[PDB]
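Here's the structure, in structure tokens; my notes come after.
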Amino acid sequence: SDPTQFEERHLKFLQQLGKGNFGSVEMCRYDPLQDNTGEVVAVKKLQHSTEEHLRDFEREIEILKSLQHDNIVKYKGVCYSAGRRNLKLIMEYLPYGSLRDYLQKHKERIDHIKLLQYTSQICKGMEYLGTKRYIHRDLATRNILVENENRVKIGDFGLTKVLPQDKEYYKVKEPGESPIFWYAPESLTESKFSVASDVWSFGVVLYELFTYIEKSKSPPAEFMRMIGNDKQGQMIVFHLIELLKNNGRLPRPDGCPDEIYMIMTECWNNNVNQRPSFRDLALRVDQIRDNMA
Ligand SMILES: Fc1cc(-c2cccc3ncc(-c4cnn(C5CCNCC5)c4)nc23)cc(F)c1CN1CCOCC1
């Protein structure tokens with residue numbers, strides 16, 4: 001009767017899709033007729049469903065349910081367990097998988113024009129997210145999905161935070177998961193996240209795309225090279241902070257057009273106020289696409 005309420009006993013496990021950030025995503029068929037004709041869906045669940053994790057996950061579900069945009073993965077519904085009230089998030093299944101894996105596999109057939117189409121789409125998803133005063137915090141190609149050859153979507157919201165009514169940043173007091181090699185300097189030093197730190201991370205995504213996910217050129221590999229591979233644990237963060245303060249940055253990807261490299265470097269401004277807006281990034285990227293087309 002209500003198609004957003006899924007009964008977990010009808011979800012048949014097909015394959016695991018990924019594991020991380022204290023969660024897992026599976027491919028399942030929702031098959032109440034038990035004849036293998038039901039709809040294939042993506043299901044996100046918790047590995048460790050403590051009360052603290054369940055509270056955070058229900059906010060994540062509300063965030064995703066509130067978003068309706070061509071470049072954001074579609075919410076379909078939820079599962080509730082009897083008693084302890086474990087939760088599963090049901091989403092559309094996007095069959096080409098993560099943009100990270102897709103580009104790693106098809107780098108030979110994906111030209112700059114196509115990379116800029118994806119870039120534009122990522123910018124548009126993020127601009128829309130910003131209109132709801134949500135801060136993604138975890139923008140990376142591993143969290144972006146490919147629906148088909150012409151459309152990508154932002155595909156996970158596990159670190160996403162809602163800005164306070166009175167402030168333009170959110171401070172995380174006791175972080176767990178921290179993708180530090182995608183983090184703005186002020187996020188490393190003060191745990192402060194904003195639309196502007198999302199723009200910094202978007203610059204790292206653009207780097208990822210134009211390196212075609214070459215492992216030796218990944219942001220972790222390059223930053224560890226620049227600070228020294230001898231640095232370990234909390235010393236990595238200390239030295240990364242000092243590097244960024246001195247305008248140490250990821251290099252230009254081999255063969256990257258100047259106009260795109262310039263955008264990357266503008267996103268990586270130490271001065272938070274000088275970073276471009278997602279509205280202006282989408283305009284600029286679409287102008288470049290037009291110039292190339
Ligand atoms: F960020 C993610 C998002 C998803 C995800 C979210 C929502 C819908 C999805 N639809 C399809 C696929 C997907 C992924 N790979 N494939 C391939 C399967 C074999 N055929 C080729 C395509 C399909 N992944 C989907 C899965 C993940 F895993 C991560 C990454 N993290 C996982 C842990 O939680 C945090 C995010």
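Order determines the names: the first chain of the structure tokens is A, the second B, and so forth; residues in each chain are numbered 1 upward, and ligands are numbered 1 upward as they are shown.
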Counting only C-alpha atoms and all ligand atoms, what are the residues, protein, DNA or RNA alike, that approach ligand 1 to within 10 Å? I want them as a ChimeraX atom specification. /A:15-27,40-47,72-75,89-102,138-147,153-159
Residues from last step as file, C-alpha atoms, as a PDB file, in the first residue's frame:
```
ATOM      1  CA  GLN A  15      25.693  -8.961  -3.771  1.00  0.00           C
ATOM      2  CA  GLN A  16      27.711  -6.643  -1.581  1.00  0.00           C
ATOM      3  CA  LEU A  17      28.430  -3.253  -3.157  1.00  0.00           C
ATOM      4  CA  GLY A  18      30.711  -1.646  -0.564  1.00  0.00           C
ATOM      5  CA  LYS A  19      31.671  -1.374   3.099  1.00  0.00           C
ATOM      6  CA  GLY A  20      32.908   1.682   5.007  1.00  0.00           C
ATOM      7  CA  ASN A  21      32.079   4.520   7.401  1.00  0.00           C
ATOM      8  CA  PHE A  22      30.565   1.923   9.804  1.00  0.00           C
ATOM      9  CA  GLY A  23      28.123   0.876   7.077  1.00  0.00           C
ATOM     10  CA  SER A  24      27.525  -1.444   4.184  1.00  0.00           C
ATOM     11  CA  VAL A  25      25.591  -1.152   0.924  1.00  0.00           C
ATOM     12  CA  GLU A  26      24.103  -4.233  -0.715  1.00  0.00           C
ATOM     13  CA  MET A  27      22.320  -5.011  -3.935  1.00  0.00           C
ATOM     14  CA  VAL A  40      16.473  -4.504  -7.759  1.00  0.00           C
ATOM     15  CA  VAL A  41      17.380  -1.871  -5.125  1.00  0.00           C
ATOM     16  CA  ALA A  42      20.388  -0.620  -3.170  1.00  0.00           C
ATOM     17  CA  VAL A  43      20.186  -1.136   0.604  1.00  0.00           C
ATOM     18  CA  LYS A  44      22.333   0.687   3.138  1.00  0.00           C
ATOM     19  CA  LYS A  45      22.613  -0.727   6.661  1.00  0.00           C
ATOM     20  CA  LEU A  46      24.817  -0.323   9.757  1.00  0.00           C
ATOM     21  CA  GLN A  47      27.569  -2.766  10.743  1.00  0.00           C
ATOM     22  CA  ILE A  72      21.416  13.081  -6.178  1.00  0.00           C
ATOM     23  CA  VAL A  73      20.671   9.343  -5.695  1.00  0.00           C
ATOM     24  CA  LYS A  74      16.928   8.653  -5.223  1.00  0.00           C
ATOM     25  CA  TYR A  75      15.486   7.665  -1.838  1.00  0.00           C
ATOM     26  CA  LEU A  89      17.810   2.763   3.798  1.00  0.00           C
ATOM     27  CA  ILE A  90      16.404   1.689   0.429  1.00  0.00           C
ATOM     28  CA  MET A  91      17.656   3.541  -2.678  1.00  0.00           C
ATOM     29  CA  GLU A  92      17.543   3.217  -6.458  1.00  0.00           C
ATOM     30  CA  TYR A  93      20.207   0.853  -7.827  1.00  0.00           C
ATOM     31  CA  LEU A  94      22.591   2.661 -10.215  1.00  0.00           C
ATOM     32  CA  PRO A  95      24.122  -0.147 -12.245  1.00  0.00           C
ATOM     33  CA  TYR A  96      27.450   1.340 -13.460  1.00  0.00           C
ATOM     34  CA  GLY A  97      28.648   1.777  -9.836  1.00  0.00           C
ATOM     35  CA  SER A  98      31.037   4.313  -8.342  1.00  0.00           C
ATOM     36  CA  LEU A  99      32.583   6.970 -10.552  1.00  0.00           C
ATOM     37  CA  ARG A 100      35.954   5.997  -9.019  1.00  0.00           C
ATOM     38  CA  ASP A 101      35.668   2.386 -10.258  1.00  0.00           C
ATOM     39  CA  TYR A 102      34.074   3.386 -13.563  1.00  0.00           C
ATOM     40  CA  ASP A 138      32.838  13.614   2.211  1.00  0.00           C
ATOM     41  CA  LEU A 139      32.846  14.637  -1.473  1.00  0.00           C
ATOM     42  CA  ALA A 140      35.097  12.102  -3.311  1.00  0.00           C
ATOM     43  CA  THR A 141      34.762   9.996  -6.487  1.00  0.00           C
ATOM     44  CA  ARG A 142      34.170   6.858  -4.369  1.00  0.00           C
ATOM     45  CA  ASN A 143      30.876   8.446  -3.168  1.00  0.00           C
ATOM     46  CA  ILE A 144      29.651   9.513  -6.621  1.00  0.00           C
ATOM     47  CA  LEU A 145      27.645   7.077  -8.742  1.00  0.00           C
ATOM     48  CA  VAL A 146      27.248   6.471 -12.465  1.00  0.00           C
ATOM     49  CA  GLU A 147      23.662   5.859 -13.602  1.00  0.00           C
ATOM     50  CA  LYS A 153      24.806  11.403  -8.930  1.00  0.00           C
ATOM     51  CA  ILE A 154      26.092  12.091  -5.448  1.00  0.00           C
ATOM     52  CA  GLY A 155      25.514   8.698  -3.830  1.00  0.00           C
ATOM     53  CA  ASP A 156      26.187   8.792  -0.081  1.00  0.00           C
ATOM     54  CA  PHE A 157      25.403  11.253   2.739  1.00  0.00           C
ATOM     55  CA  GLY A 158      26.906   9.480   5.754  1.00  0.00           C
ATOM     56  CA  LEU A 159      28.981  12.477   6.926  1.00  0.00           C
TER      57      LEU A 159
END
```
Members of region 41-245 of chain A assigned strand (DSSP E) by DSSP, as an NGL selection string: :A and (41-46 or 75-80 or 87-92 or 134-135 or 144-148 or 151-154 or 161-162 or 170-171 or 192-193)
Would you export the selected residues with N, CA, C and O atoms as a short mmCIF file (atom, residue, chain, number, x, y, z; two decimals), in the first residue's frame, please?
```cif
data_model
loop_
_atom_site.label_atom_id
_atom_site.label_comp_id
_atom_site.auth_asym_id
_atom_site.auth_seq_id
_atom_site.Cartn_x
_atom_site.Cartn_y
_atom_site.Cartn_z
N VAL A 41 17.17 -3.10 -5.90
CA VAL A 41 17.38 -1.87 -5.12
C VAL A 41 18.73 -1.93 -4.42
O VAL A 41 19.32 -3.02 -4.24
N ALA A 42 19.22 -0.76 -4.03
CA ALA A 42 20.39 -0.62 -3.17
C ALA A 42 19.91 -0.45 -1.73
O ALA A 42 18.96 0.29 -1.47
N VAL A 43 20.56 -1.16 -0.81
CA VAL A 43 20.19 -1.14 0.60
C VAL A 43 21.39 -0.79 1.46
O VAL A 43 22.42 -1.50 1.42
N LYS A 44 21.29 0.31 2.21
CA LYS A 44 22.33 0.69 3.14
C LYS A 44 21.93 0.31 4.56
O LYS A 44 20.81 0.58 4.99
N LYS A 45 22.85 -0.33 5.28
CA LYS A 45 22.61 -0.73 6.66
C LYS A 45 23.86 -0.46 7.50
O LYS A 45 24.95 -0.23 6.96
N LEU A 46 23.70 -0.51 8.83
CA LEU A 46 24.82 -0.32 9.76
C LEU A 46 25.49 -1.64 10.13
O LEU A 46 24.82 -2.65 10.31
N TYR A 75 16.09 8.37 -2.96
CA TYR A 75 15.49 7.66 -1.84
C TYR A 75 14.26 6.91 -2.32
O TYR A 75 13.41 7.48 -3.01
N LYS A 76 14.15 5.65 -1.93
CA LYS A 76 12.95 4.87 -2.22
C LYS A 76 12.16 4.55 -0.97
O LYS A 76 10.94 4.50 -1.01
N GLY A 77 12.84 4.30 0.15
CA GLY A 77 12.12 3.93 1.38
C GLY A 77 13.00 3.47 2.51
O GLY A 77 14.23 3.68 2.50
N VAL A 78 12.37 2.85 3.51
CA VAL A 78 13.07 2.36 4.69
C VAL A 78 12.54 1.00 5.18
O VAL A 78 11.40 0.64 4.91
N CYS A 79 13.40 0.26 5.88
CA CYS A 79 13.02 -0.93 6.67
C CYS A 79 13.17 -0.64 8.13
O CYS A 79 14.17 -0.03 8.53
N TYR A 80 12.21 -1.11 8.93
CA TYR A 80 12.31 -1.06 10.40
C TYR A 80 12.29 -2.50 10.94
O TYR A 80 11.47 -3.30 10.49
N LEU A 87 17.47 -0.01 11.33
CA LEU A 87 16.97 0.71 10.15
C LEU A 87 17.78 0.34 8.90
O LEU A 87 19.00 0.16 8.97
N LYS A 88 17.08 0.20 7.77
CA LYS A 88 17.75 0.06 6.47
C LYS A 88 17.22 1.10 5.50
O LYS A 88 16.01 1.34 5.43
N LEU A 89 18.14 1.72 4.76
CA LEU A 89 17.81 2.76 3.80
C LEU A 89 17.76 2.14 2.42
O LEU A 89 18.76 1.57 1.98
N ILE A 90 16.62 2.26 1.75
CA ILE A 90 16.40 1.69 0.43
C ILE A 90 16.54 2.80 -0.61
O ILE A 90 15.88 3.85 -0.51
N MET A 91 17.38 2.56 -1.62
CA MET A 91 17.66 3.54 -2.68
C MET A 91 17.56 2.89 -4.05
O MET A 91 17.65 1.67 -4.18
N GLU A 92 17.40 3.72 -5.09
CA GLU A 92 17.54 3.22 -6.46
C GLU A 92 18.91 2.56 -6.66
O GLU A 92 19.91 2.99 -6.07
N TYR A 134 22.87 22.08 3.85
CA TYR A 134 23.56 20.85 4.18
C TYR A 134 25.03 20.94 3.74
O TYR A 134 25.31 21.46 2.67
N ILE A 135 25.92 20.40 4.55
CA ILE A 135 27.36 20.34 4.27
C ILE A 135 27.72 18.86 4.12
O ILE A 135 27.55 18.08 5.07
N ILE A 144 30.42 9.00 -5.50
CA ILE A 144 29.65 9.51 -6.62
C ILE A 144 29.35 8.30 -7.48
O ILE A 144 30.21 7.42 -7.61
N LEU A 145 28.14 8.24 -8.02
CA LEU A 145 27.65 7.08 -8.74
C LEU A 145 27.39 7.39 -10.21
O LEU A 145 27.05 8.52 -10.56
N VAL A 146 27.53 6.37 -11.05
CA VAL A 146 27.25 6.47 -12.46
C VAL A 146 25.95 5.73 -12.78
O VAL A 146 25.86 4.52 -12.59
N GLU A 147 24.94 6.46 -13.24
CA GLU A 147 23.66 5.86 -13.60
C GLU A 147 23.74 5.30 -15.01
O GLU A 147 23.35 4.17 -15.26
N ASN A 148 24.23 6.13 -15.92
CA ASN A 148 24.53 5.71 -17.28
C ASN A 148 25.69 6.56 -17.78
O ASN A 148 26.17 7.44 -17.07
N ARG A 151 25.07 10.45 -17.08
CA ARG A 151 24.61 11.02 -15.80
C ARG A 151 25.28 10.39 -14.59
O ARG A 151 25.29 9.16 -14.43
N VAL A 152 25.80 11.24 -13.71
CA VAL A 152 26.29 10.82 -12.40
C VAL A 152 25.47 11.50 -11.29
O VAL A 152 24.82 12.53 -11.50
N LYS A 153 25.51 10.90 -10.11
CA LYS A 153 24.81 11.40 -8.93
C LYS A 153 25.65 11.25 -7.69
O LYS A 153 26.37 10.25 -7.52
N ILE A 154 25.51 12.21 -6.78
CA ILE A 154 26.09 12.09 -5.45
C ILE A 154 25.33 10.97 -4.74
O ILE A 154 24.10 10.97 -4.72
N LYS A 161 26.08 17.06 7.34
CA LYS A 161 25.63 17.82 8.50
C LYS A 161 24.72 18.98 8.08
O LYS A 161 24.80 19.48 6.95
N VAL A 162 23.85 19.39 8.99
CA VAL A 162 22.95 20.51 8.76
C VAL A 162 23.50 21.71 9.52
O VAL A 162 23.78 21.61 10.71
N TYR A 170 29.66 24.29 10.55
CA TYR A 170 29.34 23.30 11.56
C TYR A 170 30.66 22.76 12.12
O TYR A 170 31.54 22.37 11.35
N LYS A 171 30.81 22.77 13.45
CA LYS A 171 31.99 22.24 14.12
C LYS A 171 31.75 20.82 14.64
O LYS A 171 30.86 20.60 15.46
N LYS A 192 36.05 22.64 11.42
CA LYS A 192 35.00 23.51 10.92
C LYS A 192 34.67 23.18 9.47
O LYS A 192 35.55 23.15 8.62
N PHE A 193 33.39 22.94 9.20
CA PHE A 193 32.92 22.54 7.87
C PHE A 193 31.85 23.49 7.38
O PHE A 193 30.96 23.88 8.14
#
```
Contacts of residue 283 (chain A) at 12 Å or less, counting only C-alpha atoms, minus same-chain residues fewer than 3 places along, as a list in words? residues 116, 119, 120, 121, 123, 124, 127, 263, 276, 277, 278, 279, 280, 286, 287, 288, 289 and 290 of chain A
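Closest to residue 181 (chain A) among A:194, A:270, A:50, A:218 is A:218, based on only C-alpha atoms.
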Between A:205, A:177, A:83, A:68, which one has atoms that come closest to residue 132 (chain A), using only C-alpha atoms?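 Distance minimum relative to residue 132 (chain A) lands on A:68.
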Closest to residue 267 (chain A) among A:238, A:223, A:207, A:118, using only C-alpha atoms? A:207
At a cut-off of 12 Å, using only C-alpha atoms, what residues contact residue 31 (chain A)? Leave out same-chain residues fewer than 2 positions from it and give the result as a PyMOL selection string. chain A and resi 6-14+28-29+33-41
Given the choices A:233, A:220, A:253, A:203, which gets closest to residue 266 (chain A) if the distance is worked out from only C-alpha atoms? A:203
Using Å and a single decimal, report how far CA of residue 210 (chain A) sits from CA of residue 149 (chain A).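 Computing it gives 17.1 Å between the two atoms.
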Who sits within 6 Å of residue 125 (chain A), only C-alpha atoms, same chain under 3 positions skipped, as a compact mmCIF listing (two decimals) with N, CA, C and O atoms, in the first residue's frame:
```txt
# COMPACT_ATOMS: atom_id res chain seq x y z
N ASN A 71 20.95 14.91 -9.98
CA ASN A 71 22.31 14.45 -9.64
C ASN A 71 22.48 14.09 -8.16
O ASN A 71 23.57 14.22 -7.60
N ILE A 122 28.16 17.13 -10.88
CA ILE A 122 28.58 17.13 -9.48
C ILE A 122 28.40 18.53 -8.87
O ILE A 122 27.87 18.67 -7.75
N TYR A 128 22.70 22.50 -5.19
CA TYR A 128 21.35 22.21 -4.68
C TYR A 128 21.41 21.85 -3.19
O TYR A 128 20.65 22.40 -2.39
```
Kindly give the distance, in Å, that separates CA of residue 284 (chain A) and CA of residue 260 (chain A), rounded to a single decimal.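 Pair CA of residue 284 (chain A) / CA of residue 260 (chain A) returns 9.7 Å.
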Here CA of residue 160 (chain A) and CA of residue 282 (chain A) stand apart by 21.3 Å
Give me, as a VMD selection string, all polymer residues having an atom no more than 9 Å from residue 178 (chain A), counting only C-alpha atoms and skipping those fewer than 4 positions away in the same chain. chain A and resid 137 to 138 182 to 183
Go ahead and write the residues just picked, N, CA, C and O atoms, as a compact mmCIF listing (two decimals), in the first residue's frame.
```txt
# COMPACT_ATOMS: atom_id res chain seq x y z
N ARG A 137 30.71 17.18 3.43
CA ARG A 137 31.92 16.78 4.18
C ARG A 137 32.77 15.66 3.56
O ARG A 137 33.97 15.61 3.83
N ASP A 138 32.18 14.83 2.72
CA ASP A 138 32.84 13.61 2.21
C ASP A 138 32.81 13.53 0.68
O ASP A 138 32.66 12.45 0.11
N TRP A 182 41.17 15.04 1.63
CA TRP A 182 40.16 15.84 0.91
C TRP A 182 39.73 17.08 1.72
O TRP A 182 38.94 17.91 1.25
N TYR A 183 40.28 17.23 2.92
CA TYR A 183 39.88 18.27 3.87
C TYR A 183 40.55 19.64 3.66
O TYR A 183 41.77 19.74 3.43
```
Near residue 221 (chain A), within 12 Å and counting only C-alpha atoms, which residues show up once chain neighbours fewer than 5 positions away are dropped, as JSON, numbers by chain? {"A": [181, 208, 213, 214, 215, 216, 226, 227, 228, 229, 250, 251]}
From the options A:129, A:262, A:236, A:272, which residue's atoms come nearest to residue 169 (chain A), counting only C-alpha atoms?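 Result for the nearest residue to residue 169 (chain A): A:272.
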Taking the chain letters and numbering used in this document, name the residues of region 67-270 of chain A that DSSP puts in helix (DSSP H, G or I), as number ranges by chain. A: 99-106, 112-131, 141-143, 180-182, 185-190, 195-210, 215-217, 219-227, 234-245, 258-267
Residues from last step as file, C-alpha atoms, as a tab-separated table (two decimals), in the first residue's frame:
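As written to disk, again-v1.tsv reads:
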```tsv
chain	number	residue	atom	x	y	z
A	99	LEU	CA	32.58	6.97	-10.55
A	100	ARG	CA	35.95	6.00	-9.02
A	101	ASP	CA	35.67	2.39	-10.26
A	102	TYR	CA	34.07	3.39	-13.56
A	103	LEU	CA	36.87	5.83	-14.48
A	104	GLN	CA	39.56	3.39	-13.29
A	105	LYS	CA	38.06	0.81	-15.70
A	106	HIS	CA	37.09	2.94	-18.75
A	112	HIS	CA	37.81	15.55	-21.30
A	113	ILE	CA	34.39	16.64	-22.61
A	114	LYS	CA	32.79	13.70	-20.78
A	115	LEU	CA	34.79	14.43	-17.59
A	116	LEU	CA	33.46	18.02	-17.69
A	117	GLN	CA	29.88	16.78	-18.10
A	118	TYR	CA	30.35	14.77	-14.90
A	119	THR	CA	32.04	17.77	-13.25
A	120	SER	CA	29.09	20.03	-14.12
A	121	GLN	CA	26.63	17.48	-12.75
A	122	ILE	CA	28.58	17.13	-9.48
A	123	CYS	CA	28.63	20.95	-9.14
A	124	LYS	CA	24.86	21.11	-9.68
A	125	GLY	CA	24.13	18.43	-7.06
A	126	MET	CA	26.32	20.29	-4.57
A	127	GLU	CA	24.80	23.70	-5.32
A	128	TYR	CA	21.35	22.21	-4.68
A	129	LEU	CA	22.55	20.61	-1.42
A	130	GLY	CA	23.81	24.05	-0.37
A	131	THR	CA	20.33	25.57	-0.83
A	141	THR	CA	34.76	10.00	-6.49
A	142	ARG	CA	34.17	6.86	-4.37
A	143	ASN	CA	30.88	8.45	-3.17
A	180	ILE	CA	41.85	14.16	5.76
A	181	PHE	CA	43.40	14.23	2.26
A	182	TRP	CA	40.16	15.84	0.91
A	185	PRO	CA	42.88	23.51	6.18
A	186	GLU	CA	40.26	24.93	8.59
A	187	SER	CA	38.63	21.49	8.80
A	188	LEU	CA	42.01	19.97	9.76
A	189	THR	CA	42.88	22.68	12.32
A	190	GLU	CA	39.49	23.54	13.83
A	195	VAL	CA	29.96	25.24	1.90
A	196	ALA	CA	33.50	26.61	1.34
A	197	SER	CA	35.17	23.42	2.70
A	198	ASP	CA	32.87	21.40	0.39
A	199	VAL	CA	34.24	23.57	-2.47
A	200	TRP	CA	37.81	22.68	-1.36
A	201	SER	CA	36.86	18.97	-1.51
A	202	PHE	CA	35.28	19.48	-4.92
A	203	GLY	CA	38.70	20.69	-6.11
A	204	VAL	CA	40.16	17.34	-4.97
A	205	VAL	CA	37.40	15.48	-6.88
A	206	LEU	CA	38.32	17.44	-10.02
A	207	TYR	CA	41.96	16.37	-9.44
A	208	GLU	CA	40.81	12.72	-9.05
A	209	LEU	CA	38.92	12.90	-12.34
A	210	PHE	CA	41.81	14.37	-14.34
A	215	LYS	CA	46.88	4.97	-7.91
A	216	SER	CA	50.38	6.46	-7.65
A	217	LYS	CA	48.85	9.94	-8.11
A	219	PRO	CA	45.63	12.45	-3.05
A	220	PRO	CA	46.82	10.22	-0.18
A	221	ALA	CA	49.89	9.06	-2.15
A	222	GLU	CA	50.85	12.60	-3.25
A	223	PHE	CA	50.31	14.31	0.08
A	224	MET	CA	52.23	11.53	1.90
A	225	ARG	CA	55.06	12.07	-0.61
A	226	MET	CA	55.07	15.83	0.04
A	227	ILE	CA	55.09	15.52	3.86
A	234	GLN	CA	48.68	12.25	14.28
A	235	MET	CA	51.97	13.54	12.80
A	236	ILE	CA	50.48	13.15	9.31
A	237	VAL	CA	47.81	15.73	10.22
A	238	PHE	CA	50.37	18.11	11.80
A	239	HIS	CA	52.62	18.08	8.72
A	240	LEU	CA	49.69	18.22	6.29
A	241	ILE	CA	48.49	21.42	8.05
A	242	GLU	CA	51.98	23.01	7.75
A	243	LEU	CA	52.22	21.95	4.09
A	244	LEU	CA	48.85	23.51	3.17
A	245	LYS	CA	49.65	26.73	5.10
A	258	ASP	CA	45.01	24.95	-18.02
A	259	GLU	CA	41.44	26.23	-17.55
A	260	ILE	CA	40.51	23.19	-15.43
A	261	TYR	CA	43.73	23.27	-13.43
A	262	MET	CA	43.04	26.93	-12.66
A	263	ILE	CA	39.64	25.96	-11.23
A	264	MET	CA	41.23	23.32	-9.00
A	265	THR	CA	43.74	25.78	-7.62
A	266	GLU	CA	41.07	28.43	-6.91
A	267	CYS	CA	39.06	25.87	-4.92
```
